[PDB]
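Remarks on the structure that follows.
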There are 2 protein chains.
Amino acid sequence: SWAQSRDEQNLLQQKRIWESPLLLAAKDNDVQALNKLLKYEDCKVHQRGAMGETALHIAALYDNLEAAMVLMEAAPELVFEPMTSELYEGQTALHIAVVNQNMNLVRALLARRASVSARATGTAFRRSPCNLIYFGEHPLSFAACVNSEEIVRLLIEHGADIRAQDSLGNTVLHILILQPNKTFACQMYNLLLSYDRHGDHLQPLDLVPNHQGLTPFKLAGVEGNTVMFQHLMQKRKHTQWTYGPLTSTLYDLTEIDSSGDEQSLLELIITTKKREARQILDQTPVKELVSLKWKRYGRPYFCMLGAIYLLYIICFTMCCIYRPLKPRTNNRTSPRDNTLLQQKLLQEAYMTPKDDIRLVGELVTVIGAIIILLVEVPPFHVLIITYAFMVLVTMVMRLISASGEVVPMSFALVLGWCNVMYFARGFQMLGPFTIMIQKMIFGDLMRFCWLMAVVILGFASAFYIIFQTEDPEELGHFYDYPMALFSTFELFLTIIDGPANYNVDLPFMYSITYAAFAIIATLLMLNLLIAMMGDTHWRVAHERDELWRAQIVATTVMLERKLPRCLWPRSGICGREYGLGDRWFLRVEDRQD
Amino acid sequence: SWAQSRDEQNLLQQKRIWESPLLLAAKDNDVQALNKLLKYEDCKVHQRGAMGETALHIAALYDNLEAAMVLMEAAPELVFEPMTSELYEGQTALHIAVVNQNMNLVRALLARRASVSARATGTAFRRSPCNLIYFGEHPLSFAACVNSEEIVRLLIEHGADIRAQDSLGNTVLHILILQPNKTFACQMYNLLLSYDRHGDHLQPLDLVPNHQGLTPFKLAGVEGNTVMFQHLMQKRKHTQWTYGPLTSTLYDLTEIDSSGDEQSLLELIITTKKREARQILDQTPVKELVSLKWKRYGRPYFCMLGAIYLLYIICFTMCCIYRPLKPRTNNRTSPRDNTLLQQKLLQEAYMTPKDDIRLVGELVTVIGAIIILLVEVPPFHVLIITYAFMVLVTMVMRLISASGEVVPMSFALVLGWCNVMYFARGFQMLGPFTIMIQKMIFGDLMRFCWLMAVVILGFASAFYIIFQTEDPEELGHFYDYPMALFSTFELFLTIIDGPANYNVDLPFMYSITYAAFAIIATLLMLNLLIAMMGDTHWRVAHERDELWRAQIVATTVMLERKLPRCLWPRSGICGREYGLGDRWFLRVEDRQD
């Protein structure tokens, strides 16, 4: 109940102006009421609303230019009056008359010398999901957003700095990018670059970052405004000769490419949670870049590392299928027909020099897992890191030489095999299946296991209690409750044969209850989940190529953060050899229509 | 053969006018035949048709203004003549000339002072599925429905009460809402409110209910006429300031919200069988209301009650998995290899103070089920109520301490687990799956079990008779017919392994018959039902969000009928603090295009 208090600071506003006949006279443009109310009797000009309202802010608010013209003579200084607090801080009526598309009161307030650099630093202006909008601080940004061109030009004519920033360090161009209207603000980007005229030696205003280092180009890459991004790419390209339908162009590639820890554009496209920024991957300077960076120097390094990983796993399992494992020379099977096991896993028998090869490849696994961890001292990181935890757990478990060492070999074995599926993404037409695993587990099954838990607890708890009476020597599916859940689980997935003896009678309730489980769960809840996975598969299969491209990009970015130079040059042509400067361009050709 | 008699009262009409040359002369506009037939010789004016027809009603019916003008001099009083019976009662020709879009005979009949308050209270006018239309009683309503504007205005000019009601208490506005044409009648709603002029102190005609308490606004909510409903919502809203694209509006929320037993709009939206009224849930004053009523004060109470229910079920099963259960110290197994069971469920052994905890939690279950019933002294009510019947059945079954107590624990156990699925609806992306259960069982399986019954009786009856010859010591699937149905059922759902021995020979017919069952039923009838469920899943998954919203609304309405105040305030802002009266409004904002 947070913004309710906001409304409590709003409706009080709707009370106060309602009970102030000055400001109720500022509601409606009753000039005669302003003359008798204002020019005749003495009235203070300092009547403050719920959060800083003046009657000049009210007539400014409710479209009353004629009332504000009466308010000029009674208030030369409420032109300079901001709003007090907690929603609107530093906002004056200049911002207000700017906002409502015009008033021509901009002529009146700049005629009374309004502060063009007034920062509306209130709560409701700041970037928030609770706020429905984000216009910045300065009214130049406000008129910039609402597409009031001659008003903006009039604001440059009154010396408003285009280079002014907000609390977030954003320039007015950064504010233009954050607007959801895209081509409706692109012409403002065309206009304000003409007002770069006094070229600052720091930047010509197009390379100015925010507090988090976002140049507006890279901001447009982060925000995924493709319409904006293409138009800024019109600036970046430098076309060469055209040959009929052929056209040689030369993209700039400075902020796009990785540089000397520039934290490149592509990195911020991957690391953002914004889904639609990956449409920037569909751009032809982008897609060609990652295409070239994959088809050479990315793909053979990836497949070579994956082959080395294959030799690591085969090197692992081979020294893992051979284990010391004496005969059970120790104690006899004390529970009858229960402890069927005979191996007990030898203590320090490091003899039999076949086991020396086991020792060598075992040390290969230990050292390789140490290499994995030294990579990872700073969704598939967790498989390899926790896998390496399991390798060290079974390693120390062998050095202490304790008993229960089958479980870390088990965990590390299923993780060690399944972790090679990360390498399937560099093998196009097998790439997006890992994403299909991701959505079928985390997107569907994790929000469906909470439903199946009901049923498995139901019939597990049923069949245990029904078979509390029975001899577990016949149909030992449910002799114990924690394994009754297990048998019930396997019956749910249609794995077990289905318990039936035919030699003795069943309990009579079991025939009903097993039919009930047979209907509601075997065909019914199961095939629904199958249909969910089927919708998932077609849904991913629709856009699997772009998703594969995202796999390639994330693979490349992850590769560059873990690989030095001298074998990875930065791609694209170099400058400086052809008079092109330090910028590393790239050329590409395209036949037309 | 009911309305056939209607036609028997219709075709007789087509006989009588055919055999009356007065009224056959009223069929066609033969003025000369009316002059020689009427003005020359003496003829009675009281010739009644099949259900009250006059020749003035016939010339009124078959578009004969010129004949009716001859009928004015011969009949000054058949202007006042109603129709007799059984279809048309109290209908006069004023209603008729109103109905056929004009005649200008409205000028003639009101020139002869026609009764504007004449109630056409016949059978065919009353609201019925057998009737194709519903126009009310008064001809003002009739001209209102057929969109004859100046005719309607002319009827107000002749003092016709707009506040008149039908047999059902419906005002003419209520009749306007019930018409299937929606925007074609909305302008009549615009027009007749201008004729509210003599403002009655009871209501200004817009709040007048019918006999079942339906204000026309709430009628439009019940009937789901969204086009009407939005237009009546135009009246209800009271917008505050606009800020560029921002717009603060303030919906009224009086008849929408629950009040002091007003029986609110949303209740009647849920309780109606009309499917399309739930589109009223899609309205932005509605959807925001139920959204706010859920996101605060609905959802934590729901999840808290569901967690308490989880502790009730876990508290149940825990004292249900532990049962007294002596060894079978009584009688020996008298049938050989049949009565495999050894527990027999102790009588009054309430010792062993672990069983005191069983007694305590057992009393927790008993008292909680009593609480469930005291809730329910006045599709998921039945699960919890009959569940609580099963808890009391096993409770008294333990107090009498009889034998067959495994079955009420079984029923109450599967119902007690499955009943928590009602609580999954307040967990979005898991909500509509319960509806998927509802449609896959009640909408598909219940109309498919009648088909599978054929096959299971077929091959069950087959395999029993084929194995009448065999030793049931081998393949005891079908030693008895009521379990032959059971084995046949499990073979249908592909659960049993499929009986095959390979040590002895099978009967030769069984190889044919089991192949026949294997084709027609294992793959064939099964996968068809799987496809039905697949269409059901996609079909529900298309509109699952609106269906989830319906779950939230029904959850809220069901919650308010079972929960007092002092912890549930009525939502929305209160009036009376800001000069807004007693009506509890709500504000909401929307950025434009």
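FYI, nothing fancy with the structure tokens labels: chains A, B, ... in order, residues from 1 per chain, ligands from 1 as they appear.
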
Open item on the list: Taking only C-alpha atoms into account, find every residue of chain B that has an atom no more than 7 Å from chain A, and write it out as number ranges by chain.
Closed with: B: 243-244, 321, 337-343, 406-407, 410, 413-414, 417-418, 430, 476-477, 495-497, 534, 537, 578, 591

Task: Contacts of residue 389 in chain A at 12 Å (only C-alpha atoms; same-chain gap of 3+ positions) as a PyMOL selection string - done: chain A and resi 366+369-370+372-373+376+382-386+392-397+408-409+411-412+415-416

Open item on the list: Using only C-alpha atoms, which protein or nucleic acid residues come within 9 Å of residue 196 in chain B? Drop anything in the same chain fewer than 6 positions from it, and give the result as a list in words.
Closed with: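 Close residues of residue 196 in chain B: residues 162, 204, 205 and 206 of chain B.
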
Next, dump the selected residues to file, keeping only N, CA, C and O atoms, as a compact mmCIF listing (two decimals), in the first residue's frame.
# COMPACT_ATOMS: atom_id res chain seq x y z
N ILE B 162 -41.84 6.71 -19.51
CA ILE B 162 -40.57 6.05 -19.75
C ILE B 162 -40.35 5.15 -18.54
O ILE B 162 -39.75 4.07 -18.66
N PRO B 204 -33.58 8.64 -10.38
CA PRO B 204 -33.67 9.27 -11.71
C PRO B 204 -33.63 8.24 -12.83
O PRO B 204 -32.84 8.34 -13.77
N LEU B 205 -34.39 7.16 -12.65
CA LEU B 205 -34.74 6.14 -13.64
C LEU B 205 -33.56 5.27 -14.07
O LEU B 205 -33.74 4.22 -14.69
N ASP B 206 -32.35 5.63 -13.66
CA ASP B 206 -31.18 4.88 -14.06
C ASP B 206 -30.79 3.87 -12.99
O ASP B 206 -29.93 3.02 -13.23

Task: Contacts of residue 569 in chain A within 12 Å, only C-alpha atoms, excl. fewer than 3 positions in-chain, as a PyMOL selection string - done: chain A and resi 257-259+293+296-298+560+563-566+572-574+584

Open item on the list: Please list as a ChimeraX atom specification every residue within 10 Å of residue 436 in chain B, counting only C-alpha atoms and excluding residues in the same chain fewer than 4 positions away.
Closed with: /A:525,528 /B:431-432,440-443,533,536-541,544

TODO: Could you please write out, as a ChimeraX atom specification, every residue of range 1-210 of chain B that DSSP assigns to alpha helix (DSSP H)?
DONE: /B:3-19,21-27,31-34,55-61,65-74,93-99,105-111,139-145,149-156,172-177,183-192

Write a file of the just-selected residues containing C-alpha atoms, as a CSV table (one decimal), in the first residue's frame.
chain,number,residue,atom,x,y,z
B,3,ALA,CA,-45.1,-24.7,-30.7
B,4,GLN,CA,-46.8,-26.7,-33.5
B,5,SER,CA,-50.0,-25.8,-31.7
B,6,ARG,CA,-48.7,-22.2,-32.0
B,7,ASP,CA,-48.6,-22.8,-35.7
B,8,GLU,CA,-52.0,-24.4,-35.4
B,9,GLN,CA,-53.1,-21.1,-34.0
B,10,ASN,CA,-51.1,-19.3,-36.7
B,11,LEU,CA,-52.3,-21.3,-39.8
B,12,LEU,CA,-55.9,-21.0,-38.7
B,13,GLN,CA,-55.2,-17.3,-38.8
B,14,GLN,CA,-54.0,-17.8,-42.4
B,15,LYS,CA,-57.3,-19.7,-42.9
B,16,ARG,CA,-59.6,-17.2,-41.2
B,17,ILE,CA,-58.5,-14.0,-43.0
B,18,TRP,CA,-58.5,-16.2,-46.1
B,19,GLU,CA,-62.1,-17.0,-45.6
B,21,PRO,CA,-63.4,-11.3,-47.4
B,22,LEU,CA,-63.5,-8.3,-45.0
B,23,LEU,CA,-60.0,-9.3,-43.8
B,24,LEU,CA,-58.9,-10.7,-47.1
B,25,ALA,CA,-59.9,-7.2,-48.3
B,26,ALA,CA,-57.7,-6.0,-45.5
B,27,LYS,CA,-54.8,-8.1,-46.9
B,31,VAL,CA,-59.9,0.7,-51.4
B,32,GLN,CA,-62.8,0.2,-53.9
B,33,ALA,CA,-63.4,-3.3,-52.3
B,34,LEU,CA,-63.5,-1.5,-49.0
B,55,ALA,CA,-59.1,-6.1,-40.1
B,56,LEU,CA,-57.5,-3.0,-38.6
B,57,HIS,CA,-54.9,-5.3,-37.1
B,58,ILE,CA,-54.5,-6.9,-40.6
B,59,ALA,CA,-54.2,-3.7,-42.6
B,60,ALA,CA,-52.0,-2.6,-39.7
B,61,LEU,CA,-50.1,-5.9,-40.2
B,65,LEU,CA,-52.1,2.5,-44.3
B,66,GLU,CA,-54.6,3.4,-47.0
B,67,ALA,CA,-56.9,0.5,-45.9
B,68,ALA,CA,-56.6,1.6,-42.2
B,69,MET,CA,-57.6,5.1,-43.3
B,70,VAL,CA,-60.8,3.6,-44.6
B,71,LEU,CA,-61.0,1.7,-41.3
B,72,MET,CA,-60.9,4.9,-39.3
B,73,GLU,CA,-64.4,6.0,-40.2
B,74,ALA,CA,-65.8,2.5,-39.9
B,93,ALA,CA,-52.5,-2.2,-33.8
B,94,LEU,CA,-50.5,0.8,-32.3
B,95,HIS,CA,-47.8,-1.8,-31.3
B,96,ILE,CA,-48.1,-3.2,-34.8
B,97,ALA,CA,-47.6,0.0,-36.7
B,98,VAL,CA,-44.8,0.9,-34.3
B,99,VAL,CA,-43.1,-2.5,-35.0
B,105,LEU,CA,-50.5,5.6,-38.7
B,106,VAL,CA,-48.9,6.5,-35.4
B,107,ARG,CA,-50.1,10.0,-36.3
B,108,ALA,CA,-53.5,8.5,-37.1
B,109,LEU,CA,-53.9,6.4,-34.0
B,110,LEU,CA,-52.6,9.1,-31.7
B,111,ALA,CA,-54.9,11.4,-33.7
B,139,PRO,CA,-45.1,0.3,-27.6
B,140,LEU,CA,-42.7,3.0,-26.4
B,141,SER,CA,-40.3,0.1,-25.7
B,142,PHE,CA,-41.2,-1.4,-29.0
B,143,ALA,CA,-40.2,1.8,-31.0
B,144,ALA,CA,-37.2,2.1,-28.7
B,145,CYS,CA,-36.0,-1.4,-29.7
B,149,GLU,CA,-36.2,7.9,-33.0
B,150,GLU,CA,-38.8,10.5,-34.0
B,151,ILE,CA,-41.5,7.9,-33.4
B,152,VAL,CA,-40.1,7.5,-29.8
B,153,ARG,CA,-40.0,11.3,-29.4
B,154,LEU,CA,-43.6,11.5,-30.7
B,155,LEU,CA,-44.5,8.9,-28.0
B,156,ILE,CA,-43.0,11.0,-25.3
B,172,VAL,CA,-37.4,0.3,-21.2
B,173,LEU,CA,-33.6,0.7,-20.6
B,174,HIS,CA,-33.5,-2.9,-19.4
B,175,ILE,CA,-35.2,-3.9,-22.6
B,176,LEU,CA,-32.6,-1.9,-24.5
B,177,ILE,CA,-29.8,-3.9,-22.8
B,183,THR,CA,-24.4,0.0,-30.5
B,184,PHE,CA,-27.6,0.0,-32.5
B,185,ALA,CA,-29.4,0.6,-29.2
B,186,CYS,CA,-26.8,2.6,-27.3
B,187,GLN,CA,-27.9,5.8,-28.8
B,188,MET,CA,-31.4,5.1,-27.5
B,189,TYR,CA,-29.8,5.0,-24.1
B,190,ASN,CA,-28.2,8.4,-24.9
B,191,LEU,CA,-31.6,9.7,-26.0
B,192,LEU,CA,-33.9,8.5,-23.2

- [ ] Would you mind listing what lies within 12 Å of residue 263 in chain B as a list in words, with only C-alpha atoms counted and same-chain residues fewer than 3 positions away left out?
- [x]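 Within the cut-off, the hits are residues 212, 213, 214, 215, 218, 254, 255, 256, 257, 258, 259, 260, 266, 267, 268, 269, 270, 271, 557, 560 and 561 of chain B.
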
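From CA of residue 123 in chain B back to CA of residue 89 in chain B, the distance works out to 7.4 Å.
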
Open item on the list: Could you list, as a list in words, every residue within 12 Å of residue 275 in chain B, counting only C-alpha atoms and ignoring same-chain residues fewer than 3 positions away?
Closed with: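 Neighbouring residues, sequence-local ones excluded: residues 221, 222, 223, 224, 225, 268, 269, 270, 271, 272, 278, 279, 280, 281, 546, 547 and 550 of chain B.
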
Restricting the output to N, CA, C and O atoms, write the selected residues as an mmCIF file, in the first residue's frame.
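Final output, out-v2.cif:
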data_model
loop_
_atom_site.group_PDB
_atom_site.id
_atom_site.type_symbol
_atom_site.label_atom_id
_atom_site.label_comp_id
_atom_site.auth_asym_id
_atom_site.auth_seq_id
_atom_site.Cartn_x
_atom_site.Cartn_y
_atom_site.Cartn_z
ATOM 1 N N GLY B 221 -23.934 -5.713 -16.689
ATOM 2 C CA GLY B 221 -22.869 -6.566 -16.199
ATOM 3 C C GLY B 221 -23.231 -8.037 -16.276
ATOM 4 O O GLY B 221 -22.398 -8.873 -16.632
ATOM 5 N N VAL B 222 -24.479 -8.370 -15.938
ATOM 6 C CA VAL B 222 -24.920 -9.759 -15.994
ATOM 7 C C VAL B 222 -24.997 -10.239 -17.428
ATOM 8 O O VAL B 222 -24.482 -11.313 -17.764
ATOM 9 N N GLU B 223 -25.586 -9.441 -18.304
ATOM 10 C CA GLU B 223 -25.749 -9.866 -19.680
ATOM 11 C C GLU B 223 -24.461 -9.793 -20.482
ATOM 12 O O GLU B 223 -24.432 -10.286 -21.614
ATOM 13 N N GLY B 224 -23.404 -9.207 -19.929
ATOM 14 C CA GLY B 224 -22.124 -9.194 -20.598
ATOM 15 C C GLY B 224 -22.052 -8.301 -21.808
ATOM 16 O O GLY B 224 -21.147 -8.464 -22.630
ATOM 17 N N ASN B 225 -22.988 -7.366 -21.960
ATOM 18 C CA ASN B 225 -22.937 -6.427 -23.073
ATOM 19 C C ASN B 225 -21.856 -5.395 -22.763
ATOM 20 O O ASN B 225 -22.098 -4.336 -22.182
ATOM 21 N N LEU B 268 -22.658 -11.582 -9.306
ATOM 22 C CA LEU B 268 -23.604 -11.989 -10.324
ATOM 23 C C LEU B 268 -22.905 -12.320 -11.630
ATOM 24 O O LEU B 268 -23.458 -13.052 -12.455
ATOM 25 N N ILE B 269 -21.689 -11.809 -11.824
ATOM 26 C CA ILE B 269 -20.903 -12.231 -12.974
ATOM 27 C C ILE B 269 -20.428 -13.661 -12.788
ATOM 28 O O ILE B 269 -20.447 -14.461 -13.732
ATOM 29 N N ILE B 270 -20.022 -14.020 -11.575
ATOM 30 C CA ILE B 270 -19.558 -15.383 -11.351
ATOM 31 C C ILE B 270 -20.722 -16.365 -11.344
ATOM 32 O O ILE B 270 -20.662 -17.419 -11.987
ATOM 33 N N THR B 271 -21.810 -16.019 -10.657
ATOM 34 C CA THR B 271 -22.890 -16.976 -10.447
ATOM 35 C C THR B 271 -23.729 -17.201 -11.695
ATOM 36 O O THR B 271 -24.501 -18.165 -11.742
ATOM 37 N N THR B 272 -23.619 -16.342 -12.701
ATOM 38 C CA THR B 272 -24.402 -16.570 -13.904
ATOM 39 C C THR B 272 -23.777 -17.683 -14.730
ATOM 40 O O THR B 272 -22.596 -18.010 -14.581
ATOM 41 N N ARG B 278 -17.907 -12.851 -18.405
ATOM 42 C CA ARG B 278 -16.567 -12.774 -17.859
ATOM 43 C C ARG B 278 -15.656 -11.870 -18.674
ATOM 44 O O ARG B 278 -14.593 -11.478 -18.179
ATOM 45 N N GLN B 279 -16.075 -11.486 -19.880
ATOM 46 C CA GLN B 279 -15.411 -10.419 -20.618
ATOM 47 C C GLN B 279 -15.502 -9.086 -19.885
ATOM 48 O O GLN B 279 -14.665 -8.203 -20.103
ATOM 49 N N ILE B 280 -16.513 -8.921 -19.027
ATOM 50 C CA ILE B 280 -16.608 -7.748 -18.161
ATOM 51 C C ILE B 280 -15.443 -7.714 -17.174
ATOM 52 O O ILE B 280 -15.003 -6.634 -16.754
ATOM 53 N N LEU B 281 -14.882 -8.882 -16.841
ATOM 54 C CA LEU B 281 -13.632 -8.936 -16.087
ATOM 55 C C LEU B 281 -12.475 -8.273 -16.813
ATOM 56 O O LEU B 281 -11.533 -7.807 -16.164
ATOM 57 N N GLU B 546 -7.207 -15.080 -18.639
ATOM 58 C CA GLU B 546 -8.555 -14.682 -18.256
ATOM 59 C C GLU B 546 -9.188 -15.721 -17.345
ATOM 60 O O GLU B 546 -9.901 -15.371 -16.395
ATOM 61 N N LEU B 547 -8.911 -17.003 -17.596
ATOM 62 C CA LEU B 547 -9.471 -18.046 -16.738
ATOM 63 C C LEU B 547 -8.866 -18.002 -15.340
ATOM 64 O O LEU B 547 -9.569 -18.209 -14.339
ATOM 65 N N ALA B 550 -10.606 -15.256 -13.574
ATOM 66 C CA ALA B 550 -11.864 -15.778 -13.059
ATOM 67 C C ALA B 550 -11.665 -16.586 -11.787
ATOM 68 O O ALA B 550 -12.510 -16.528 -10.882
#
